[PDB]
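Colleague: Sharing a structure, written as structure tokens. Questions coming.
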Ligand SMILES: [Mg+2]
Ligand SMILES: [Mg+2]
Ligand SMILES: [Mg+2]
Ligand SMILES: [Mg+2]
Ligand SMILES: [Mg+2]
Ligand SMILES: [Mg+2]
């Protein structure tokens with residue numbers, strides 16, 4: 001049993017017709033203090049998987065090292081490490097999911113919420129969630145923390161069920177993700193303007209975008225708002 | 001919350017962010033924390049929003065009734081009314097209020113009233129959760145008898161840093177300028193102050 | 001405690017106050033919080049004095065044994081050993097350590113390791129109770145590739161403010177300069193830095 | 001400890017075609033100990049019926065209170081109180097004890113004597129009105145009653161069909177609750193005749 | 001829960017209710033509270049349902065191993081003590097168990113042992129365990145004799161559970177009857193309390209308080 | 001303080017027919033007032049004509065089902081590909097659950113299939129392994145809403161034959177798979193109306209001597 | 001205090017009440033009468049927290065005796081029981097509630113019927129053929145359920161009461177030092193001096 | 001369990017021990033023998049937490065019986081009591097201590113003397129002319145202080161014991177269902193079947 | 001509960017879902033959360049349902065008496081000031097969280113009120129368990145100078161976000177439109193996207209299925225003449 005110290009907020013993601021998108025801001029909070037502004041919370045594993053991690057950053061860095069080690073280990077005595085016996089999202093997830101549940105069962109959890117986004121060998125989209133309790137679930141849209149409450153509603157308007165996935169394009173999906181990231185910046189007190197976004201497409205492969213910013217923000221209406229009820233000036 | 005009031009050559013300026021949070025959720029991102037208890041006596045509110053609104057309303061009532069009988073109250077008088085409420089009801093209040101006002105006799109004055117209900121008259125005052133991060137900056141950069149443009153820059157830069165580090169602070173930077181000329185409201189948006 | 005490490009053109013400089021407190025009593029007013037784990041790898045300690053001393057001693061042992069086998073360790077390696085201890089024993093430790101070191105290949109490097117045991121490589125780092133008050137100042141005044149004299153002034157001014165506001169911080173400002181030239185210790189007394 | 005589940009018991013009310021039905025078990029207990037199998041929870045003031053679950057001392061007290069109030073109402077108004085009005089009186093009376101409430105789950109049932117419209121309503125212990133069209137449930141087996149009513153109920157039932165539905169809703173819900181049962185009563189209410197029926201059920 | 005067991009001329013009568021509750025919620029009305037440890041031994045269930053089930057099935061395995069090694073029926077004393085020594089090892093851990101280990105051997109005759117999760121192991125003629133034990137005791141104590149017939153003893157045990165099923169909110173469902181002889185136990189059926197109550201009320205004239 | 005348990009909501013329902021069994025469950029997964037997934041399969045085919053669902057805390061539910069499926073696999077290895085009978089599976093699950101008696105799988109487990117005589121079988125477990133063969137069992141969030149309805153509509157409780165007035169009970173006639181599925185769907189439709197954690201979708205696994213068959217139905221998504 | 005029983009038969013109400021008074025580790029008295037005559041044909045037994053029990057009983061007694069004098073009329077057992085219930089229902093939401101459970105055994109001279117009322121400290125009233133407070137009911141209600149008939153004679157009621165007391169003396173851990181039995185009928189209240 | 005008394009007279013030790021076993025609300029048994037014969041001339045009575053009492057007593061019994069067989073010799077009461085004390089003194093600092101209080105009544109065949117030892121669950125041993133555990137002493141010691149003589153006969157010891165039991169039955173709140181009395185003398189151990 | 005308020009060109013609109021809950025159980029599937037303080041001042045409530053209803057009636061009653069006393073139509077700021085001062089006095093124990101909206105001679109207004117007595121001004125607001133789902137929609141689509149039709153659409157879409165994604169919210173969308181120089185139009189069950197499907201079976205029992213012990217006529221009539 002511990003308490004999280006340096007924390008990362010919402011990880012949001014969704015499926016689209018050819019793959020998955022995942023996104024997360026670059027902030028490492030220290031309680032209310034916005035301590036670290038250059039934290040990458042999307043960690044790619046090979047060229048077919050991106051693990052997005054929220055919650056305790058020290059535990060994230062540990063998990064990051066486990067995944068790095070997993071790649072090394074998979075390459076050992078494996079002539080097809082960059083082909084048929086490459087790591088799959090489903091392997092990476094199941095490994096993490098095992099670890100999370102074991103750690104909670106020893107009453108010493110990795111204080112995280114994790115979303116494993118990727119594309120399988122057969123071209124299928126992989127999107128599944130796991131957290132400090134070892135709880136796992138899958139959905140056309142997935143989000144952690146505040147993202148669950150604010151991003152999912154918006155992302156579910158695009159892909160409301162499984163049959164919407166083939167109708168959704170990468171441009172529509174990315175637009176929804178980017179809009180969701182803006183909404184979270186308006187409303188999540190532990191979020192930042194700067195974020196990273198990853199697209200894992202079955203055709204174009206992994207596209208990792210760094211140093212993105214929330215833009216087209218609406219603030220002008222603030223000038224008209226005065227007082228808290230009766231004040232006019 | 002990040003709030004501050006700064007005296008300068010022509011009078012005084014109050015500054016504030018616009019973020020109100022319920023835990024980590026931003027309940028209001030365009031809050032007006034600069035509130036008016038009299039024509040040229042304003043205050044900055046920090047702490048319980050219910051408490052500080054209730055207090056400010058009572059003060060405004062007291063100063064309105066004062067004005068009807070005895071004419072325009074001094075800034076010191078307004079601070080005293082705030083203090084009386086905050087001190088006597090210290091057990092049931094969570095309020096941190098900066099009182100700023102402009103007389104023609106006394107010019108710009110700033111009074112800060114922290115949790116306990118004590119009063120402190122200062123050249124400038126900072127308060128709210130985000131103030132902790134700018135004690136160093138504000139102490140280094142404040143000068144007395146600054147111009148209006150210099151004071152606006154001082155407040156804008158200070159609250160920019162407070163907002164940058166404090167998650168409880170954010171949104172727009174509101175300002176209210178109190179001088180002989182009158183009352184001027186200013187607003188500064190993220191795209192302006194973030195690049196400072 | 002007020003500690004900081006700043007990289008600059010010729011390498012890196014570590015800075016610290018000298019106050020150790022047991023509650024409100026100053027148990028030691030001339031503490032040396034700048035500690036040596038290797039020839040040109042030093043650290044700044046904050047948190048439990050027992051914990052940070054125990055950790056630093058273990059790290060120094062590990063780097064001495066490393067050196068005997070594999071030659072001079074990198075600053076990154078030192079930070080990794082600190083992290084391994086702080087992370088794995090996070091439940092039983094209260095340690096906030098800034099690691100700073102000089103290679104000839106990598107030049108000046110600064111790593112900060114907060115309570116959780118995470119590692120963060122930065123151009124400069126601040127830590128300790130007094131750091132809260134200078135986030136604004138340090139962010140506004142830091143530049144990359146400063147000269148030795150500029151970096152000494154930056155640290156001296158920063159810790160001056162940290163000391164000014166933080167009761168847990170005070171005494172002398174110790175500094176340790178890490179460059180190709182060697183290791184230089186600096187000290188600055190209250191009469192010097194208070195008037196800044 | 002929990003006042004609403006010391007004595008136990010349940011009430012259920014249902015609307016039908018030109019009729020309402022209200023029913024209750026007969027159990028009064030001290031937690032596990034069964035004390036009385038004749039503790040009726042349905043009262044009536046004129047043609048308005050009130051069922052009350054929860055802490056039995058309050059059930060009794062409120063009955064005596066509403067008898068008191070409806071009797072004065074009648075003397076002053078020169079007419080019997082209506083279900084819609086009585087519902088508001090129950091709500092007012094409960095909320096006046098906002099910070100020291102009666103630990104009860106009242107249920108109003110009746111037929112407006114003027115419009116002929118069937119009416120039911122429920123309340124939490126503090127006065128919030130639940131004015132449902134279909135049915136109202138209350139008591140220690142409210143979950144069970146919700147499940148029974150939701151599946152068994154269908155609108156515009158005739159009086160003697162409604163009787164079967166509400167009876168089977170109560171009985172099977174009570175048989176899944178330790179603190180409910182020990183007999184049951186069902187009131188079938190029409191605009192100018194009411195029929196009271198005691199049900200045969202398992203006595204454990 | 002209400003379980004009882006009493007020694008008499010014709011052996012042992014075991015009678016149990018069938019109800020299982022989670023708070024006020026009646027989880028099951030068809031719970032088997034008599035374990036058939038083997039064809040000669042019976043165990044009753046009160047307290048933790050799992051704890052009783054698991055460890056009394058386990059007891060059956062230990063009793064089976066005993067008679068395989070010793071070529072002789074295990075004594076009621078030995079069988080009960082295997083269970084009591086086991087639960088005593090778990091004392092403090094939070095096991096919840098109240099049981100009668102009932103049997104009829106040559107050397108002992110009919111024997112009943114009350115075994116408890118606190119480690120209590122008592123031999124006796126009449127035992128009653130569960131939330132409704134007090135109600136069953138009343139009927140038992142006022143009607144018990146050693147020279148009861150197997151027919152009358154079976155009824156007494158059935159009636160004593162009915163008494164408890166009626167009054168105790170956490171007892172009911174149905175009554176399971178067993179009659180333990182030296183040649184093994186004999187099951188005497190499942191009796192729904194709902195139907196049994198009205199039957200007994202009429203034939204016996206009892207429960208005049210209740211309207212039927 | 002770290003709480004190792006959580007509530008993922010959901011509701012399950014097992015009904016044993018005369019020569020078939022059904023195990024049904026909603027496909028909604030939740031935490032608190034949020035929906036995690038509108039389609040997260042909860043009822044699983046574990047092989048050997050056995051279906052299983054561990055409702056409650058999903059992490060413990062998935063862990064148990066995973067371990068049981070494993071147990072079935074190893075039963076084949078160790079005992080010459082012998083079929084695991086439903087009663088043997090039940091006893092095996094008791095030991096899995098009681099194995100963690102002092103740190104329980106926070107789930108209400110139900111399995112369904114056919115007994116060795118080819119009749120329908122449902123078994124029901126508490127979190128610590130106590131179990132019983134039953135004809136009817138609802139589990140999870142809306143169990144308290146569904147069981148009374150099943151007592152009435154499956155076992156004909158409190159129902160008597162008209163004209164006799166309480167003297168003759170309604171006879172316990174056997175239900176067909178089409179009849180059971182209607183009761184299952186109405187149970188889940190009713191549970192969806194009155195329970196916030198129930199909804200989205202209903203997945204029913206039907207076990208007969210021919211094998212396991214699935215049926216899916218939409219539920220309200222509010 | 002501990003055990004108070006009540007049984008309404010054909011033509012009378014019988015109240016049995018323990019004689020023990022224990023405070024801590026000592027039985028201070030073994031002849032305590034836990035009852036008060038409210039009116040010539042109304043008897044109230046009581047059990048609960050020390051001090052409160054007698055204070056409440058005597059307070060009720062005074063109020064009924066006051067009513068009796070004012071109107072020159074005996075209140076019906078039903079009326080007395082309703083008055084008592086209201087006092088307890090008022091008490092439960094007081095600053096310091098009366099922690100008292102009572103049985104009211106009375107003979108209604110108007111209806112010519114015995115009447116037994118069981119009221120607990122919350123103000124929970126129930127009219128019963130037989131009643132008890134505390135753990136007494138747990139042992140005795142099974143016997144009373146079995147043997148009780150509404151047409152029983154007073155002598156049969158006493159025999160059934162003896163069987164209840166015997167069961168209590170067998171299975172209860174506390175020694176309640178026997179019971180004082182009192183009969184309430186048309187002729188008034190009398191005590192059975194040998195029990 | 002509840003009351004265990006012991007009295008050492010001229011030529012014997014008498015142990016009186018209650019018969020009740022009350023688990024909670026009900027008295028499950030009224031004929032329980034709270035004693036074990038450790039050796040032919042050594043008897044141990046016991047009282048404490050359920051399960052622990054009998055488990056401890058039988059464990060001690062086994063160990064003494066093992067010693068008796070190994071050496072073909074009966075340990076002196078003093079030796080047995082010292083063995084028992086050490087076990088309890090070891091127990092008190094264990095993960096889960098034995099919550100058991102004992103009286104060891106033995107006749108030393110070497111010295112031709114009765115001996116009574118009182119040992120509590122902490123391992124506090126004292127040799128006494130008369131002893132008790134729990135609340136039993138709180139009454140009986142005043143009577144024993146007054147009447148006891150070291151030269152009393154076994155019959156006088158029993159009469160004094162009756163007076164102790166009568167006082168307990170009068171002033172104790174709990175019904176302990178009488179006592180089983182056992183005498184330990186030169187001829188061994190025997191039970192007084194009428195008391 | 002999901003409640004929203006949205007300012008527009010010539011007025012304000014409020015909306016709410018229609019699910020009231022007791023724990024995880026749905027007590028009422030068509031609850032009316034849009035309360036009338038005065039003819040053109042309406043509010044929606046979340047939190048303790050009795051408190052929201054009670055406090056709106058009380059203030060609404062006093063607002064009416066005030067309106068009669070001053071011979072003027074009530075103002076939203078008066079309702080706001082009266083609500084906040086009442087709630088503040090009870091220090092949050094009255095669990096009423098309200099979105100107050102209306103039109104008066106001053107203009108159109110939109111406020112929120114928390115239980116402790118703090119109030120906020122805005123162009124778009126949301127409250128209750130589904131406020132985060134609703135606000136996400138409001139933040140995505142709101143703009144200055146909305147028309148009446150756009151604001152109703154935005155408002156009901158925000159309520160829907162709550163209905164689908166928040167378990168505490170569900171059933172139907174109520175709306176009330178308060179436009180300047182017009183009567184407020186209360187649109188009870190404006191949307192109905194959650195009608196229960198037809199059950200598979202009819203559970204109407206055969207008459208005489210339930211066992212009865214006694215029957216009797218209940219005398220509801222008064223004491224009769226003659
Ligand atoms: Mg330490
Ligand atoms: Mg200092
Ligand atoms: Mg053993
Ligand atoms: Mg019962
Ligand atoms: Mg919803
Ligand atoms: Mg001693």
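Protein chains in written order, with the deposited numbering: chain M, 1 to 233; chain b, 1 to 196; chain N, 1 to 196; chain W, 1 to 204; chain K, 1 to 212; chain L, 1 to 222; chain X, 1 to 195; chain J, 1 to 195; chain V, 1 to 226. Backbone N, C-alpha and C fix where the C-beta goes; we use that ideal spot for every residue, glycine too.
(1) Which residues in the same chain as residue 134 of chain N place their Cβ atom closer than 7 Å to its Cβ, once the five residues preceding and following it in sequence are excluded?
(2) Taking C-alpha atoms, which residue in V/190, V/19, V/30 and V/22 lies nearest to residue 133 of chain W?
(3) Using a Cβ cut-off of 8 Å (strictly closer), state whether residue 94 of chain L contacts chain V.
(4) Report the neighbours of residue 220 of chain L on chain V: residues whose CB is nearer than 7 Å to its CB, in chain order.
(5) Going by alpha carbons, who is nearest to residue 188 of chain M out of b/58, b/13, b/25 and b/2?
(6) According to a CB-to-CB cut-off of less than 8 Å, which residues of the segment 173–206 of chain V neighbour chain W?
(7) Taking residue 114 of chain V as part of the beta strand (DSSP E), name the residues at either end of that continuous run.
(8) With hydrogens ignored, establish whether the beta-carbon of residue 48 of chain N is closer than 7 Å to any heavy atom of ligand 1.
(9) Closest to residue 72 of chain N by C-alpha separation, out of N/60, N/82 and N/83, would be which residue?
(10) Output needed for residue 198 of chain L: all residues of its chain with C-beta closer than 8 Å, excluding positions within five of it in sequence on either side, in chain order.
(11) How do the segment 3–17 of chain W and the segment 134–150 of chain W stand: do at least 3 beta-carbon pairs fall below 8 Å, yes or no?
(12) Are the CB atoms of residue 116 of chain V and residue 95 of chain V within a distance shorter than 8 Å?
(13) Could you say which of W/157, W/149 and W/197 lies nearest to residue 26 of chain V if we only look at CA atoms?
(14) By how many angstroms is the C-alpha of residue 115 of chain X removed from the C-alpha of residue 9 of chain X?
(15) Any beta-carbon of chain V closer than 8 Å to the one on residue 166 of chain L?
Modeller: Inspection of the coordinates gives the following:
(1) The residue given as residue 134 of chain N occupies position 134 in the third chain. These residues qualify, in order along the chain: 126, 158, 161 and 162.
(2) Along the fourth chain, read from residue 1 onward, the residue named residue 133 of chain W stands at position 133. Minimum Cα distance to residue 133 of chain W is reached at V/30.
(3) Within the sixth chain, the letter at position 94 stands for residue 94 of chain L. Not one chain V Cβ lies under 8 Å of residue 94 of chain L.
(4) For the purposes of this step, residue 220 of chain L is identified with residue 220 of the sixth chain, where counting begins at 1. Within 7 Å Cβ-Cβ: 194.
(5) Indexing the first chain from 1 puts residue 188 of chain M at position 188. Closest option to residue 188 of chain M, Cα to Cα, is b/25.
(6) 199, 202, 203, 204, 205 and 206
(7) On the ninth chain, position 114 is the one that residue 114 of chain V refers to. Taken as a continuous stretch (DSSP letters only), residue 114 of chain V belongs to no beta strand (DSSP E), as it is neither H nor E.
(8) As a first step, residue 48 of chain N must be located in the third chain, where it is residue number 48. Yes, Cβ of residue 48 of chain N sits closer than 7 Å to a heavy atom of ligand 1.
(9) What you label residue 72 of chain N is simply residue 72 of the third chain in a count that begins at 1. When only C-alpha atoms are compared, the closest one is N/60.
(10) Mapped onto the sixth chain, residue 198 of chain L falls at position 198. Around residue 198 of chain L: 9, 10, 11, 26, 28, 141, 142, 188, 191, 192 and 219.
(11) yes
(12) Your numbering for residue 95 of chain V matches position 95 in the ninth chain. Your numbering for residue 116 of chain V matches position 116 in the ninth chain. Taking 8 Å as the Cβ cut-off, residue 95 of chain V and residue 116 of chain V do not qualify as a contacting pair.
(13) Taking the first residue of the ninth chain as position 1, residue 26 of chain V is located at position 26. It is W/149.
(14) For the purposes of this step, residue 9 of chain X is taken as residue 9 along the seventh chain, with counting starting at 1. For the purposes of this step, residue 115 of chain X is taken as residue 115 along the seventh chain, with counting starting at 1. The straight-line gap from Cα to Cα measures roughly 9 Å.
(15) In the sixth chain, residue 166 of chain L corresponds to position 166, counting from 1. Yes - at least one Cβ of chain V is within 8 Å of the one on residue 166 of chain L.
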